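**Student:** my complex, first installment, coordinates as in the assembly:
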Amino acid sequence: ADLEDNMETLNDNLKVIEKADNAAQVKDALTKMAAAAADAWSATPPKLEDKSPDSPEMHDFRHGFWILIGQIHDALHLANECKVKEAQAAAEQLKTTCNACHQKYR
Amino acid sequence: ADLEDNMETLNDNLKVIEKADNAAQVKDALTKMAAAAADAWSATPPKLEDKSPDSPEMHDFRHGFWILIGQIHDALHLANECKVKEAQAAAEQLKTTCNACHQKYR
């Protein structure tokens, strides 16, 4: 999907996680966020529409997505361990990464 | 791109790295390998054409890709620090991941 699409999936599922009861729900939202962050990898954000896929800026843009994926990766391990609250907190702590990218590139 | 496609890109660029001279070329192959692993995320491998995108087998399939992406992520940092040999050895060490997935799922 497109960039703004993937972002919505990220945002919608964050909320699903905030409010979830049980591990199953959390696993699911995380799985969708994971796919969304992976698909987002290829994108070019408007603010650097011109630049080439080699700018220190594209390389730094894409870096924030490795961080995100690493973190979704780990949050999900917690969910598989039935550590519902610990996973929910890992999800809350992702926002730091979301915000970090947004302040630079959005 | 398709899954066999992405696998070719992975395998072609591993050779490019094996034989490369200087930092710049290594960076490039890894970058291409990164994109390929990210796209490969959403894929369903023939051996699991039946199971839904939730079976412990799909979750495990995709797990192997987080491992690889993390490892490509790190080799590329090495390439940026002008440590070329270190980066090729990280590249060679990846294979341990390639092989691991292949003998479960290929």
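**Tutor:** Cool, got the structure. Numbering: from 1, shown residues only, chains lettered A, B, ... in the order given.
**Student:** can the longest helix along chain A be said to contact chain B?
**Tutor:** Counting by DSSP state H, the longest helix found in chain A is helix A:56-80. Yes. Remark: helix A:56-80 sits within contact range of chain B at A:59, A:62, A:66, A:69, A:70, A:73, A:80, by Cβ under 8 Å from any Cβ of the partner chain. (Each C-beta comes from the backbone N, C-alpha and C, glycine too.)
**Student:** want to throw those residues into a markdown table with neighbour count and distance to residue B:19?
**Tutor:** As requested, the residues of helix A:56-80 next to chain B are exported to a markdown table (neighbours: other Cβ atoms under 10 Å in any protein chain shown; distance: Cβ to Cβ, whole Å):
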| residue | neighbour count | distance to residue B:19 |
| --- | --- | --- |
| A:59 | 14 | 23 |
| A:62 | 20 | 25 |
| A:66 | 20 | 26 |
| A:69 | 24 | 29 |
| A:70 | 16 | 30 |
| A:73 | 19 | 31 |
| A:80 | 14 | 40 |
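**Student:** with the structure above as the base, add chain C:
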Amino acid sequence: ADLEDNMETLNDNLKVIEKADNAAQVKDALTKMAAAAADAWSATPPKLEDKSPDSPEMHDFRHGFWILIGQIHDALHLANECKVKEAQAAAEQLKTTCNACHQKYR
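**Tutor:** One more chain to add, chain C, which I have set with the ones above:
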């Protein structure tokens, strides 16, 4: 060194990074922070004086340190690439991990 000791080193060096000018200084503080987090691993926090080194509470306690070590690991790659600001900021985003552990275990 002791737990509170290591925490001081973590906190002191965070500030050193906040205010640093150039790559070299950032590398140093992170290096010191790395060693402090690694040494912190074996520690038992007062609040879990009650639990053996196998409680889902010690394992979770130690988990927070893997997160931090990974994050120090990555900040430092940034510093080696001379990306001073990018590093300083990775450093800022760490606090999310500090805070997360403190809220649970301090």
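**Student:** buried set for the longest helix of chain A?
**Tutor:** Buried residues in helix A:56-80, defined by neighbour count with 16 or more other Cβ atoms under 10 Å in any protein chain shown: A:58, A:60-79.
**Student:** could you pull out the helices for chain A?
**Tutor:** A:3-19, A:23-39, A:56-80, A:84-105.
**Student:** TSV please, covering those helices and showing distance to chain C.
**Tutor:** What follows is the helices of chain A, written out as TSV (distance: least, Cβ to the nearest Cβ, whole Å):
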stretch	distance to chain C
helix A:3-19	15
helix A:23-39	15
helix A:56-80	7
helix A:84-105	5
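**Student:** nearest to residue B:100, out of these?
**Tutor:** The closest approach between residue B:100 and any of the helices of chain A, judged by Cβ to Cβ, belongs to helix A:56-80 at 16.2 Å.
**Student:** could you say what helices and strands that closest one packs with?
**Tutor:** helix A:23-39, helix A:84-105, helix B:56-80, helix C:56-80 (3 or more Cβ pairs under 8 Å, 6 or more residues apart in numbering or on different chains; DSSP states H and E).
**Student:** here's chain D, drop it onto the model above:
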Amino acid sequence: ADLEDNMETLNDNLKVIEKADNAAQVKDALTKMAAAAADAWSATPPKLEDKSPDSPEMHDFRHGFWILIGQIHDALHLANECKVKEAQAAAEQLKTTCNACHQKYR
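**Tutor:** One more piece, chain D, placed on the ones above:
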């Protein structure tokens, strides 16, 4: 503990894992390996007895330990998830990191 000590703990527990019948056992060996790897962080290997802690060689030495720790971290999530065989295989694939460091620095 000392460096050769930590290496024994790593090697002994690798075996314990290769042998191990049930998940509880695997968790234990990995936990011991993680502690060992963390404590090994601060060590200076004979081959680099002279060099200051700031040589690209000490930096690279310690780097191999972050890799190791990252992989022990992950293998343990597999164990908590009751996936015994997958954890065993993550453990075997660690050897790649052991060997990599030994060929350079042992």
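**Student:** try what packs on helix A:56-80 again now we have chain D.
**Tutor:** helix A:23-39, helix A:84-105, helix B:56-80, helix C:56-80, helix D:56-80.
**Student:** export these to JSON lines and tack on distance to residue C:24?
**Tutor:** Converted to JSON lines, the helices and strands packed on helix A:56-80 look like this (distance: least, Cβ to Cβ, whole Å):
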{"stretch": "helix A:23-39", "distance to residue C:24": "34"}
{"stretch": "helix A:84-105", "distance to residue C:24": "24"}
{"stretch": "helix B:56-80", "distance to residue C:24": "17"}
{"stretch": "helix C:56-80", "distance to residue C:24": "9"}
{"stretch": "helix D:56-80", "distance to residue C:24": "13"}
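**Student:** quick one: closest of those helices to residue A:11.
**Tutor:** Per Cβ to Cβ, nearest to residue A:11 of those: helix A:84-105, 8.5 Å.
**Student:** and chain A, which of its residues are near chain B?
**Tutor:** Checking chain A against chain B by Cβ under 8 Å from any Cβ, the hits are A:31, A:34-35, A:38-39, A:41-42, A:59, A:62, A:66, A:69-70, A:73, A:80.
**Student:** that's all I had, so thanks and see you.
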